[PDB]
């Protein structure tokens, strides 16, 4: 019923608690061998549940650089963030794919998931996941949640500016 609660806990148990303790070392290995990539996994949480099929970012100010090397195969992508033509940040960035699952459940008649419940379940997914990570041992400062809703009147949104805002806070603290 609160489908988002189970999906947050599963995403933590079967993915984040397994990948996050080895992330710092794969990043630190990249920053020796292959401007430096920042230290955390940045997780994109579009509250509209819109995740591209190829997990590929439309925004040309978010430009693919490289895959992180391995420490179970994990494909995690490093992106450069551009601002008025300038390289302004570099980080490991990806979508919270369970939001895509909520979207897909909403389309299937047998799932009992109303289309108009997507925003509420996305917000519950985000809140549950933030509460888990607040008491999570494997999170030693190695992921950041980026939750966002684009404006209601089709007014322009910059995903790159959204990401950069979060990065610059981490430089400040």
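Positions refer to the first chain, counted from 1. Rigid core: the largest C-alpha set superposing within 1.5 Å between the two forms.
Student: Using the rigid core for superposition, please say which stretch has the greater CA deviation in 7 other deposited structures of this protein, 134-142 or 62-70.
Tutor: Between 134-142 and 62-70, the one lying farther away in 7 other deposited structures of this protein is 134-142.
Student: Fitting on the core, do the C-alphas of 125-133 or of 25-33 deviate more in 7 other deposited structures of this protein?
Tutor: This comes out as 25-33, the stretch further from the shown form in 7 other deposited structures of this protein.
Student: Quick test of your reading: does residue 154 have no coordinates in a third or more of the other entries compared?
Tutor: Other entries vs residue 154: at least a third skip it.
Student: From residue 34 on to residue 35, does the model leave out none, 1 to 3, 4 to 9, or 10 or more residues of the deposited sequence?
Tutor: Per the deposited record, the segment joining residue 34 and residue 35 lacks coordinates for 4 to 9 residues.
Student: Could you bin the unmodelled part of the deposited chain lying between residue 71 and residue 72 as none, 1 to 3, 4 to 9, or 10 or more?
Tutor: According to the record, 4 to 9 deposited residues lack coordinates from residue 71 to residue 72.
Student: Mean CA temperature factor from the deposited coordinates, higher in 105-113 or in 143-151?
Tutor: Between 143-151 and 105-113, it is 143-151.
Student: Between 80-88 and 95-103, point out the one with the higher average CA B-factor as the PDB entry records it.
Tutor: So the stretch with the higher mean C-alpha B-factor is 80-88.
Student: Compare the CA B factors listed in the entry for 132, 57, 119, 43 and report the winner.
Tutor: If I rank 132, 57, 119, 43 by C-alpha B-factor, first place goes to 57.
Student: Relative to the other modelled residues in the chain, which third contains the C-alpha temperature factor of residue 10: lowest, middle or highest?
Tutor: Residue 10: CA B-factor falls in the lowest third of its chain.
Student: Using the temperature factors of the C-alpha atoms in this entry, rank residue 18 within its chain: lowest, middle or highest third.
Tutor: CA B-factor rank for residue 18: middle third.
Student: Split into thirds by Cα B-factor across the chain's modelled residues, where does residue 127 land: lowest, middle or highest?
Tutor: For residue 127, the deposited C-alpha B-factor lands in the middle third.
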